[PDB]
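Here's the letter readout for the chains.
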Amino acid sequence: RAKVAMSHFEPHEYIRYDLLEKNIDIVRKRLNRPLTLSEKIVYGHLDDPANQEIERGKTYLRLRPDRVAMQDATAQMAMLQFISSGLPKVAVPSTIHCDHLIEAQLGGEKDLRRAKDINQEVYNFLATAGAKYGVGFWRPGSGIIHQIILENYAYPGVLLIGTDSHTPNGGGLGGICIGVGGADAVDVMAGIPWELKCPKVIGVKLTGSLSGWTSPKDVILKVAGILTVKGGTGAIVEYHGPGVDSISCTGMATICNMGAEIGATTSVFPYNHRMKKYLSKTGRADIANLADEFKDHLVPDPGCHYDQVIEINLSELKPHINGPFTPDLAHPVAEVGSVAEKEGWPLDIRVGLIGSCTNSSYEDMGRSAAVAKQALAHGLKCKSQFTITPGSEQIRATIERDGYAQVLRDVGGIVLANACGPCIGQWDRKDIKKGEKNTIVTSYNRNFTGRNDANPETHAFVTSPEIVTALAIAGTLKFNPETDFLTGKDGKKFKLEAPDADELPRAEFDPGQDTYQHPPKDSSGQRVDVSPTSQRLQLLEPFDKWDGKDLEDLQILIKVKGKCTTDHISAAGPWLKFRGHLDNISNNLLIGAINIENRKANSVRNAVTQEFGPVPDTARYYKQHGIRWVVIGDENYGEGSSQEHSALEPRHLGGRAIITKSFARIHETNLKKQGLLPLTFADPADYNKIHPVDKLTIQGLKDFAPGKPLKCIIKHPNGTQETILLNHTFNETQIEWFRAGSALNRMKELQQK
Ligand code: SF4
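Residues numbered from 1 in each chain as written, not as in the entry; some residues may be left out. Heavy atoms only, no water.

- Per the PDB record, the structure was determined using X-ray crystallography to 2.50 Å resolution.

- Going by the annotation in the PDB entry, the name recorded for the protein is PROTEIN (ACONITASE), with Sus scrofa given as the source organism.
- Per UniProt, the comment on the protein under Function is "Catalyzes the isomerization of citrate to isocitrate via cis-aconitate."
- If you open the UniProt record of the protein and go to Subcellular location, you find "Mitochondrion". (UniProt positions renumbered as here; feature names shortened; annotations may be inferred.)

## Points about the overall build of the protein
Moving on, step 1. Regarding its fold elements, the protein presents 23 helices and 30 strands.
Moving on, step 2. Over its C-alpha trace the protein gives a radius of gyration of 25 Å, about what one expects of a compact globule, namely 27 Å for 753 residues.
Moving on, step 3. Along the first, second and third principal axes, the C-alpha atoms of the protein reach 80 × 65 × 55 Å.
Moving on, step 4. Counting only residues that meet the buried cut, the protein has 62% of its 753 residues in that class.
Moving on, step 5. Within the protein, residue pairs in contact and separated by at least 24 positions form 75% of the contacts whose partners lie at least 6 positions apart.
Moving on, step 6. As displayed, the protein offers around 26200 Å² of accessible surface, 52% of which is attributable to carbon and sulfur atoms.
Moving on, step 7. Here the protein holds 88 positive side-chain charges and 89 negative ones, and the gap between their average locations is 2 Å. (Helix = DSSP H or I, 4+ residues; strand = E, 2+ residues; numbered from the N terminus. Rg over C-alpha atoms; globule rule 2.2 N^0.38 Å. Buried < 20%, exposed > 50% of the residue type's maximum accessible area, 1.4 Å probe, protein only. Contact = heavy atoms within 4.5 Å. Areas by Shrake-Rupley, 256 points an atom, 1.4 Å probe, with all protein chains shown as cover. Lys, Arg positive; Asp, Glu negative; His and termini not counted. Charge placed at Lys NZ, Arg CZ, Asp CG, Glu CD.)

## Side note on the packing of helix 3 (residues 72–85) against helix 7 (residues 182–190)
Moving on, step 1. Axis separation between helix 3 and helix 7 bottoms out at 9 Å; the angle between their running directions is 45°. In this view, helix 3 runs oblique relative to helix 7, as classed from their interaxial angle. Viewed along their axes, helix 3 and helix 7 form a crossing whose handedness is right-handed. Contact residues: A78, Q81 and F82 in helix 3; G182, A183, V186, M189 and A190 in helix 7.
Moving on, step 2. Of the residues in the contact of helix 3 with helix 7, the class split is six nonpolar, two polar and no charged. (Axes fitted to C-alpha atoms, helices over the stretch in contact; angles between N-to-C directions. Parallel < 35°, antiparallel > 145°, perpendicular 65-115°, else oblique. Left-handed = near helix turned anticlockwise from the far one by under 90°. Nonpolar A, V, L, I, M, F, W, Y, C, P; charged D, E, K, R; others polar.)

## Concerning the domain arrangement of the protein
Moving on, step 1. The domain architecture assigned to the protein consists of domain 1 (1–201), domain 2 (202–314), domain 3 (315–489) and domain 4 (533–753).
Moving on, step 2. Between domain 1 and domain 4, roughly 2600 Å² of surface is buried when both sides are summed, and carbon and sulfur atoms account for 54% of that area.
Moving on, step 3. Three residues, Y60, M77 and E121, lead the burial of domain 1 against domain 4; their summed loss comes to 22% of the area buried on that side.
Moving on, step 4. Between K673 and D187 there is a salt bridge, with the nearest N and O atoms lying 2.7 Å from each other.
Moving on, step 5. Looking at the side of domain 1 that touches domain 4, the elements with two or more residues in it are strand 1 (60–63), helix 3, helix 5 (120–133), strand 6 (176–179), helix 7 and strand 7 (194–197). (Domains from an automatic or database assignment. Buried area = accessible area lost by both parts, 1.4 Å probe. Salt bridge = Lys/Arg side-chain N within 4 Å of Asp/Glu carboxyl O.)

## Concerning the pattern of salt bridges
Moving on, step 1. Within the structure shown, the criterion is met by 57 salt bridges.
Moving on, step 2. Put simply, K383 and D348 hold a salt bridge, and the shortest N to O gap is 2.7 Å. Placement of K383 in the loop between helix 13 (362–376) and strand 15 (385–389) and of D348 in the loop between helix 12 (333–343) and strand 14 (349–355) is noted, with a sequence separation of 35 residues between them.
Moving on, step 3. Of the residues examined, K383 reaches a relative accessible area of 45% and is grouped as partly exposed.
Moving on, step 4. By sharing partners, the salt bridges in this structure join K545, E732, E736, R739, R746 and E749 into a single network.

Quick look at the structure:
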């Protein structure tokens, strides 16, 4: 049949739409119903389509991903696990992207130069580990993992896994793209099936079309606000309706990206002519013509069943701005000034930030450059400090060329490197003292406490790039671009017109500089060397096998109250220096969670010494004194970033299990990967029966079975004991992960010795 390749860097690796169509037909004959598109791509990729038991919300799917993509903050450890597996070459297409370790201070050239001095040990390690296991290396300066995947590797019907929670961006080009932790990526690179819990499916029906100030961003600001951060847990959001053609391929990618802030497994859009056009503009018109031929299998069946259906009329949608401490608190731009005032949100905006992978496209930058030029033409500049982060070299080279970059500098913006930077908090922020109370509006996705500048008093809002620009000219939340009047140099009160710009370059894309390095697959005789005195990289030492015993009299390290996001468990910013080193990064364990006893961060009672201390130190105390421990947590524990570190570091410091009312998807899978026991209250009111002082015995591990709950005895100080039941989502593939001590230890017992 056709021999069309996956990318311009893997020409011998062919797109298998012929497989997709065979597995779809087998599955559809067993189910006898319409399949949604996500169902066609996910079941179309099953390892065993004829025997795979399929229940939405219940079964685990043995799947076969087409490719793996890692960024450098989650990549080092993924490769440290791959090294430990013993295997010689990765088994599917795989890439590493250096975007995460590049700190914004001075602006792109210098910053990029500095970060290459500063992170030389890591980048070198990644490029050598790549050269060796046959993994593609995109160099520091290339771009952000999600912009490079959409411009180069995402296509209709790909199943892609990425070690990042914002991998769902790829659903803008019609594939199923799921964020995972470095251990799920090791399965796939090692050739062992990847298991996913069969998604439920939220249908969003889009109607009418966008105009003027309204953009893509607003559509998911609106959905985020309607579903709340836990509304899409265990579900894919499938967009459909006549309104989908009205949105560019770029914007469909924005909507899918931020579907991660409502915890969705991923998001997907149906292949359509705005994607055809994008594939052709980015050198892939052959994939586009091959996808016209399989179009049927790349769009939903007639009459397919959504578990939930939300209708969004695009034509009535208003600009929004979400926040400031969660992405699901939505306001129409029109009302946020009035609300800010009412709440003590600092109305004056200190920094406007535009870019990141959620919103640094050619169309996003043109829409921003078109608000910027109207200010300039009346002699203005930003009241607010203004930074621009292009999502790729290709976008920095083309907007530069088509003259957008210039306009953004003339209004006073600084063009940062094509790197995450301020989005992840790699930002040497100096315009505020720590704990100063300020506002910043971003075109980003996540705005949770102190994410961008580590200052917990920063009120960070997320809106769209053209809104960030218009409000950065105002320097106030008190400015609605639709109604209000600016004042030029000329003494004249003007209004700002709605931006219209080209979705794609008139000419084609200017690729920029040399940033890729393909694996020499001739040599591969690189020694990937880890200096044993390195503070950045350390080889993993395997975890203990399970002792065959019940986990008796466990100590509660912390009983967490409210929101305990991954970044509370393992913080980023300055800690990203240690993502290759398990011991020095363990020093950030749970320092950001609030303790229910005293309601502080990083202050828990040591049980022995009765002094209140830091959580890492206290867990290291219990480990050094043989005290096995547990974390009691509330709802949607582990929400956020996909980083497996939130699960390696508790296991490192003697953690045994984490009991919560609910878990976020990725985090729960990482805790199981690492031999820890993720569990949930059979009744969430039981959380109230546990106080910090009690000891807990998890009873029944010997006949740990799927669907069978576990017994937990609460041993109170006073000889009283309650038994509660704890549910778990294990299956027997995962119970062997527990028994072996971790997934990787299990994999190495399967390796014959
Ligand atoms: S830190 Fe921000 S710019 Fe980087 S991949 Fe995540 S969402 Fe995108």
